[PDB]
Amino acid sequence: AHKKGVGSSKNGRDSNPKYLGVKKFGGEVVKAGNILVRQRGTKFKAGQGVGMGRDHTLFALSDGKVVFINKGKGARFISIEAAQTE
Amino acid sequence: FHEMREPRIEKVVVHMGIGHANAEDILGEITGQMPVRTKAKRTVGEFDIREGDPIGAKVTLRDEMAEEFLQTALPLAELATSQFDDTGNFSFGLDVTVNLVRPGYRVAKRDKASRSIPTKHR
Amino acid sequence: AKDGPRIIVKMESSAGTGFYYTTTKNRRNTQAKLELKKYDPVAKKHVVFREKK
Amino acid sequence: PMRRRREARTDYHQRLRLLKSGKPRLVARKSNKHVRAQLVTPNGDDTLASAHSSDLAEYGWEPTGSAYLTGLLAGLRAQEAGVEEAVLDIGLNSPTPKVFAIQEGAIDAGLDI
Amino acid sequence: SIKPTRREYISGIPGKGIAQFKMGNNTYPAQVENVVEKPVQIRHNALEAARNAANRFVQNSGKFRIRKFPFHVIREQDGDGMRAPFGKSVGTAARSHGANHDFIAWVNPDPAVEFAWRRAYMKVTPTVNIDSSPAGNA
RNA sequence: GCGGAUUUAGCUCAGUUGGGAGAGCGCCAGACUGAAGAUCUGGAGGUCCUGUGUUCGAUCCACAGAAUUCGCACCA
RNA sequence: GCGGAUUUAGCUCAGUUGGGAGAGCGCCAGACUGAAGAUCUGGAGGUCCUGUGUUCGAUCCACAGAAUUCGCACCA
RNA sequence: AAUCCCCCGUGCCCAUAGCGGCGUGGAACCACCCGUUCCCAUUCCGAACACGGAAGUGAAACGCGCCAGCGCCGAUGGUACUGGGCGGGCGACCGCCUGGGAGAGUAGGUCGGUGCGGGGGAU
RNA sequence: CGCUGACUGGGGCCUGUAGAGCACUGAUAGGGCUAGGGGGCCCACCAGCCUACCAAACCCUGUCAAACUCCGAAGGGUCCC
RNA sequence: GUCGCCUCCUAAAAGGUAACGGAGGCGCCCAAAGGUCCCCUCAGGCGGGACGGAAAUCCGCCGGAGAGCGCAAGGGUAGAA
């Protein structure tokens, strides 16, 4: 009443990462960028990454959310010109 | 500038360490800068397999302190030769060393522009 | 939960009476009859809190 | 490493700690010889030479007082601008007795910290 | 292009078993060599061999150099029958990317080695191209 | 070609904190005896299968491979 | 984990007046032997499971865990 | 007090600012420096953190400049790969027609460029 | 409900196979420099000596990778016009 | 043989897909890897000395962090977890 060996055979299961909302769309106080949950969002867009430059999301409200390192936590604000006096 | 390269102390240790409690207390009384570090490994060349024990003793002592020691401790040592190692520095005895201090030494301490200490200054 | 007399043992802690309790998982592993910390029972707020049960 | 991970000593990031928010970076840059602080506030902000050891000469009261004043005043200069509650800036070293000094400044300076 | 399970889980990290590279002799100019055009998980063995027989017929100076080498492999019959096929390895080589720098018969005037390699092509398997290099062959 | 187990000082075998290794019967020296032998007296001795991996360190924990003994290869 | 059974020397166990810590061996030694064994002599044997409490005094009485063991309790 | 030269706090552009070779600066600046009772302080000493202060010094960190050796950047013409369209070979595959067109590979480029404030330095 | 839809033009922001590349990693070949084992020589506790066989690592000439990539397109995506 | 769930590769570059296709981990745990406030700068290599001749212990240099993070991988990333 056990299990065997020499049959590696070991399928893998599912995930579901994304950039949801990609860069520069109607910004809604909701899941910003994703690739590491428990995540700790940030302020506006993010531009820090194992790449160099940065990314703007011409979309501004409360905040977004990170992914733990990847992408690059937000902080470089960027409400967007669409955040002035009505 | 002969007012440069021309020396001015710089560190100088003097320690010991056995695969062990207190022996360093005989260390405290001879100076005043207790060394508390942990040697290790994992074999039987002495019964020192224990790879995570507190046996390493090292009573750091540059400038000021070392002076009192270089002093009251420099008489009972009989040699003065060979024991002279490259990197302007040297180690004799139950465990003791002291490093030179040409003018181009420090810089090797910077987190930045860490000039790998040229070999014409040291 | 999965009651496993394996250093894995579930317990709580009163509020000096603040009245009832609050959730907690544990491990004899170390400190046996050891278990204290404060909270706030329906009883006002705060209150010392032993855990033993 | 990235520029700030091979050198050593700083903590700039423990500056960015307060960066998040709270107010002006009542950042206090020190150099014994004297003390100099600005007011980096969010948005590519700026500053208003709120207090410096030279601005009004470097006196002759050493550490103590210096601060005691440089701050106060500083605090004085600003609250004229239109600030109010500014966040502190340990700029560097540990709120040493200097530091703490200047600090006083602000506080006494009425610029809440 | 079916290839293997990984470089250390199925079968990856070997010597592939063969007979090293260089032979013949130097030579600054004289460009004497061989390459192909055919694509084929070059039959290791067949490979190893071949080239070798090459030396077998010559001996010394003629860059018996040779720029090949397999490093992955197939698999088949082992276990039940035909269905859910696990895997039993055997026969590694390397893709002869539709032609390329094969081995070199490189040296001043030593065709006594050109013919050789020649004998070397004859062998081989996937046809082969008989050729010269920058300058030709002297 | 599939599943279980085993490959330790000549031979049969023991060891799940793994961290430090034996048991009985061989083999050489000393006694008993005119003599061998049985029998009392001490010692010499091993890749715990080949090659690797986790680990501070394991042969006892794990993954392949050769050699070993046993089962399975049945329905038309 | 619901209940009962106990807690002592290396092993197996006595120990009821609340005041001596005991027996057997088994184990070690002495005597004896050519030696060992068998017999006789002798000796040791200690966290009385731990803690706290009761008491002039605790192996013993009281209070949790504890551990071992047997039976039982099973629709998450 | 609303112009340039300099040093100092210091920010953006994540090496065309790094390495290192030589050099220069201390009136001003800045550090090193001079001491250690009290603030605080080293698992060991006030080396680092630290309080008070002249002389001494530019050696060192440091700032501007010169040096291509290591690095970093990096075109044009160019070849692979290919979105789309259609032909050859049983064959693994080959080719054409149309827009996309890298890395490496020589040129060469680099020894930062630029914000705000503070001290001066230019009646 | 009524121009929002497949599709195209524009504009950002992404993915990073194919390819290519070797500084991350793991192969792997020709070789140079070298110390580990040799190996022959003073007999060899000598740890002094030369050198034709195997090597580790660094250096030059080279090369393979789906579970390698300092590099990087074909293209697809998504919000807006 | 195998069914759950965690990762890689497969997915052709948004997301996502079989194969009894590849390889590998989990049904723990840690009361202090918890919360913050305060300090630290890795592996390694080289050079110099006790007990030390692999392999420490200290002292002086070199360092896109290759160490570091209880556990498998992969992302991360010292500014630091």
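Residues numbered from 1 in each chain as written, not as in the entry; some residues may be left out. Chains lettered and ligands numbered in written order. Part of a larger assembly, values for the part shown. Heavy atoms only, no water.

If you check the header, you'll see the entry was determined by X-ray crystallography and the resolution is listed as 6.46 Å.

**Section: the overall build of chain B**
The secondary structure content of chain B amounts to two helices and four strands. Across its three principal directions, the C-alpha atoms of chain B cover 55 × 35 × 30 Å. Across the 122 residues that make up chain B, the buried fraction comes to 18%. As presented, chain B carries roughly 9700 Å² of accessible surface, and 57% of it is formed by carbon and sulfur atoms. Of note, chain B has its 18 positive side-chain charges centred 11 Å away from the centre of its 19 negative side-chain charges. (Helix = DSSP H or I, 4+ residues; strand = E, 2+ residues; numbered from the N terminus. Buried < 20%, exposed > 50% of the residue type's maximum accessible area, 1.4 Å probe, protein only. Areas by Shrake-Rupley, 256 points an atom, 1.4 Å probe, with all protein chains shown as cover. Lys, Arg positive; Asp, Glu negative; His and termini not counted. Charge placed at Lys NZ, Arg CZ, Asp CG, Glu CD.)

**Things to note about the protein's contact with RNA strand I**
Taken together, 21 residues surround RNA strand I, and among them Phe25 and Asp55 of chain A together with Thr5, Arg7 and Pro14 of chain E come closest. Each atom of RNA strand I within 4 Å of the protein was classed as base or backbone; sugar and phosphate made up 71%. Contact distances for RNA strand I include 2.3 Å between a sugar or linking oxygen and a side-chain N or O atom of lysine 24 of chain A. Between RNA strand I and the protein, one listed contact pairs a sugar or linking oxygen with a backbone N or O atom of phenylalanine 21 of chain E at 3.4 Å. (Near = heavy atom within 4 Å. Polar contact = N/O pair within 3.5 Å; in protein donor to acceptor, adjacent residues only side chain to side chain.)

**What to know about the packing of aromatic side chains**
Within a pair of aromatic rings, the relevant descriptors are the distance that separates the centres and the angle that separates the planes. Here the structure, examined in full by the defined rule, presents 10 aromatic pairs over all chains. Through pairs of rings, three or more aromatic residues link up here, namely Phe84, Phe90 and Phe92 of chain B. Positioned above the aromatic ring of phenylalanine 68 of chain A is the side chain of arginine 38 of chain A, whose terminal nitrogen or guanidinium carbon lies 3.5 Å from the ring centre. The ring of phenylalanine 21 of chain E carries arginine 51 of chain E above its face, with NZ or CZ at 4.9 Å from the centroid. (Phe/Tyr/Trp six-rings, centres within 6.5 Å; stacked < 30°, edge-to-face > 60°. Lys NZ or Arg CZ within 6 Å of the ring centre and 35° of its normal.)

**Some remarks on the environment of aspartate 53 of chain B**
Residues and elements named next belong to chain B. Examined against the element boundaries, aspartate 53 turns out to sit in the loop between α1 (25-28) and β2 (56-58). Judged by its relative accessible area of 9%, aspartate 53 falls in the buried class. Each C-alpha atom of the pair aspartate 53 and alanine 77 lies 31 Å from the other, and the pair is 24 residues apart in sequence. Those residues in contact with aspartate 53 that sit more than four places away from it in its chain are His20, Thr38 and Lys39. A polar contact is formed between the side chain of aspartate 53 and the side chain of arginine 50, at a distance of 2.6 Å. (Contact = heavy atoms within 4.5 Å.)

**Regarding the environment of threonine 5 of chain E**
Turning to its location among the elements, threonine 5 of chain E is positioned in the segment before β1 (32-35). Not counting chain neighbours up to four residues away, the residues in contact with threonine 5 of chain E comprise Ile10 and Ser11 of chain E.

**Some words on the side chain of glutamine 39 of chain A**
All names here are of chain A. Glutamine 39 sits in the buried class, given a relative accessible area of 14%. Polar side-chain contacts of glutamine 39 include one of 3.2 Å to the side chain of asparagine 34. Residues within four places of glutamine 39 in sequence aside, it is in contact with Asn34, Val66, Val67 and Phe68.

**Some remarks on the nonpolar core**
By size, the foremost hydrophobic cluster in this structure holds 16 residues, and its most contacted members are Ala54, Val58, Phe64, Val113, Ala116, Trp117 and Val128 of chain E. Contributing elements (two or more residues each) for this core: β1 and α2 (114-122) of chain E. A per-element tally of this core places α2 of chain E first, with four residues. Of all hydrophobic cores here, the second largest spans six residues; its members include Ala28, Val35, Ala37 and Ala101 of chain D. (Core = buried A, V, L, I, M, F, W, Y, C linked by side-chain atoms within 4.5 Å.)

**Focus on the protein's contact with RNA strand J**
Of all residues adjacent to RNA strand J, which total 84 residues, the nearest are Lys58 and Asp85 of chain B, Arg5 of chain D together with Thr5 and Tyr9 of chain E. Among all atoms of RNA strand J positioned within 4 Å of the protein, those belonging to sugar or phosphate total 73%. In this structure, a phosphate oxygen belonging to RNA strand J sits 2.4 Å away from a main-chain N or O atom of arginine 115 of chain B. One of the side-chain N or O atoms of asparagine 29 of chain C is found 3.3 Å from a phosphate oxygen in RNA strand J. Of all elements in the fold, only β1 (15-17), β2, β3 (89-92) and β4 (96-99) of chain B together with α1 (12-19) of chain D reach the threshold of two or more residues within the surface near RNA strand J. A per-element tally of the surface near RNA strand J places β3 of chain B first, with four residues.

**Some thoughts on the sheet that holds strand β3 (residues 51-52) of chain D**
Residues and elements named next belong to chain D. Taken in spatial order, the four strands of this open sheet run β3-β2-β1-β4, and their pairing is mixed. Of all the strands in the sheet, just β3 and β4 (87-89) have a single pairing partner and so form its edges. Two elements, strand β1 (residues 25-30) and strand β2 (residues 35-37), share three bridges in a ladder whose sense is antiparallel. Residue pairing in the sheet places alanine 28 in a bridge with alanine 37 of β2. Across the face of the sheet, α1 comes into contact with β1 and β4 while running at roughly 160 degrees to β1. (Pairing = 2+ DSSP bridges. Axes fitted to C-alpha atoms, helices over the stretch in contact; angles between N-to-C directions.)

**Looking at a negative patch on the surface**
A cluster of acidic residues, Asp63, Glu64, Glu67 and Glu68 of chain B, forms a negative patch at the surface. Judged by its relative accessible area of 38%, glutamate 67 of chain B falls in the partly exposed class. (Patch = residues over 30% accessible without salt bridge, like charges linked within 9 Å, V, L, I, M, F, W, Y side chains within 5 Å. Salt bridge = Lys/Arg side-chain N within 4 Å of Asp/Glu carboxyl O.)

**Structural notes on the arrangement of the chains**
The pair of protein chains exhibiting the most contacts, out of three pairs of chains in contact, is chains B and D. Contact between chain A and chain B is absent, and the least distance between their C-alpha atoms amounts to 22 Å. The smallest C-alpha distance separating chain C from chain D is 29 Å, and no contact links them.

**Notes on the side chain of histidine 15 of chain B**
For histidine 15 of chain B, the position within the fold is in strand β1. What makes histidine 15 of chain B buried here is its relative accessible area of 12%.

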